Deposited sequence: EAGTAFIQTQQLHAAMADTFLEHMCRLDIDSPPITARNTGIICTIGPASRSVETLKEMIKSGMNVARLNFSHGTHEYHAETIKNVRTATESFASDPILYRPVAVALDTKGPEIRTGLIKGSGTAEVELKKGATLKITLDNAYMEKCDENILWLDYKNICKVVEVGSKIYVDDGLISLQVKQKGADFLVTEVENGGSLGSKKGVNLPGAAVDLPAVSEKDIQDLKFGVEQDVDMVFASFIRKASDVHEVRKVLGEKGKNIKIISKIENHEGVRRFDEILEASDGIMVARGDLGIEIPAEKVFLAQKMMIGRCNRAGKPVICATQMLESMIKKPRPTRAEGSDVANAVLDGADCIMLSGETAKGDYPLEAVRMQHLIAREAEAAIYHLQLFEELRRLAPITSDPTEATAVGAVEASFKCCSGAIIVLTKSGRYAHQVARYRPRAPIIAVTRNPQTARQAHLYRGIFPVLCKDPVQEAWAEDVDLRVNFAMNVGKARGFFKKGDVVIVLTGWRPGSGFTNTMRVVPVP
């Protein structure tokens, strides 16, 4: 009864524009998005978020992956976090239609440089003043006696790799020092950017050739523990070259061969060697914290868009990470730059977005998850699929692989009929990954019986994994129908589609494969 005043939902007016400029001009704050949110949300778990009750609310608010940051905490601490994640996740298991799988990710310490403890108890801070002198020492006598005159750090070969004039950054790149003099085991620096210095802060040496191993002996111990704990993926810090990826993957053994290896790109060499790293990895994280200290801050967006583009071209997941909603560590609403950053990561093409301190340590973890969910849904509708899908196709090789032809045909069909979903029956995730790389607007409901697939599949934009718990039926056709009906019930229960809407169904492995059907929802 409203009539012509109707505003198309999900930015469909902008979707139909014939140019990108007109697409922008048509973006409409009064055009509401769809229910389904395609971009996975990865949340770092820490003191603010590791209780079972908070984790339950995190899941309800949209967390898909729990990140364990092995830069901090001992193995028993991480074991208990994992236990709590699983308790919270399985509290929803009694209803498979509504159960959301939750993945567990181990983020390695890797070749970090860290300072020691401020003298006293270690919880104090000292003020470093601009122009003051500060001695960096490797003498362990001072490892718990750091102050404004002497700073211990843990990188034993630092004096080899820095020179007079080089810059040393401490604590998220906020404190900056210039090396004035060298010693056998010390550096004399001048404070450039001063500030308040606490304990065990991260140190960066931009332009220095740091020779620490990508995977140290202690990192291997963490990785082995990750295998014992049945983690789903590793986020490997400071990957510089393809062989670093192999050091991570091969040490997991046969037992860990299905764990996904995500290389974190956070230094200049990782950017330069990106193509070989991408080839060796299952996916990528744009680890912007270190990256924006190792390279000039003003260049990070170039590296981010380069890596997202190349991952989209390769069909491998890419995560945008770090400081996306940073002010929400302390405030209940984000800044305008933070809102923009989340939206633009999605528009760039990121498969997942991440929260670090906002969920690990901040005062508003649930609000931060909820805000990522809200922004991602709005941005997903604003993507200019007309151009994106054309470019992904043109840049995608002709092959004889019938499964790739099925996937692109399904995504094409999904756009042609504005489908409510692409339902995909998948054991390993592969068939669903193949659809996701063509970036449909419609959500991809990936039905699997493999619990690890259900967890890992969150890494791909658009995949909404659901875990079927029904026994396998002896008749293949009956077993397919059971899994398809499960997906239909999920989409109806979750509000993705209604009876009578059109959906695409890919029925998976058949003992041709992965037949496509375009059907009304029963």
Could you name the stretches of the deposited sequence that have no C-alpha atoms in this structure?
512-514
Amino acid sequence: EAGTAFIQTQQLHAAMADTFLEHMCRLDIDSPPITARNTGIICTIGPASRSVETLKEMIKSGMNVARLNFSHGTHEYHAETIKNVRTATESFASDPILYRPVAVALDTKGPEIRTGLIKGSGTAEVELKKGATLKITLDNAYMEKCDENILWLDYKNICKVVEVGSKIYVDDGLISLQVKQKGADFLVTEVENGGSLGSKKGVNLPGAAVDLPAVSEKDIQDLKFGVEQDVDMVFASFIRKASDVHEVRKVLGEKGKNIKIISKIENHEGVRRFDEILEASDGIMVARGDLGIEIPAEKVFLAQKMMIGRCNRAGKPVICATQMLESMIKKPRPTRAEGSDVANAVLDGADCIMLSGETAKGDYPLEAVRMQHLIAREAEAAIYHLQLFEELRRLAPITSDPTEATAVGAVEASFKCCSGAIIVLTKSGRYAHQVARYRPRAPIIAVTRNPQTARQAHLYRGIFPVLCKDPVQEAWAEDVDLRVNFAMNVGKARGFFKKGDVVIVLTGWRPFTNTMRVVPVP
From here on, numbers count along this sequence of modelled residues.
Between 122-130 and 419-427 (mean CA B-factor, as deposited), the higher
122-130
May I ask you to compare 335-343 and 94-102 by their mean CA B factor in the entry and name the higher one?
94-102
For the C-alpha B-factor as written in the entry, point me to the maximum among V447, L278, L138, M354.
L138
Hey, out of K250, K180, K260, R377, whose CA B-factor is highest in the deposited coordinates?
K180
Of the three thirds of its chain by CA temperature factor, lowest, middle or highest, which one includes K160?
highest
Looking at the entry's B-factor column for C-alpha atoms only, identify whether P317 ranks in the lowest, middle or highest third of its chain.
lowest
Where the record places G194 (Cα B-factor, split into thirds across the chain)
highest
Using the B-factor values recorded in the entry, state whether the Cα atom of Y460 falls in the lowest, middle or highest third among the modelled residues of its chain.
lowest
Classify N64 as lowest, middle or highest third according to the C-alpha B-factor given in the PDB entry, relative to its own chain.
lowest
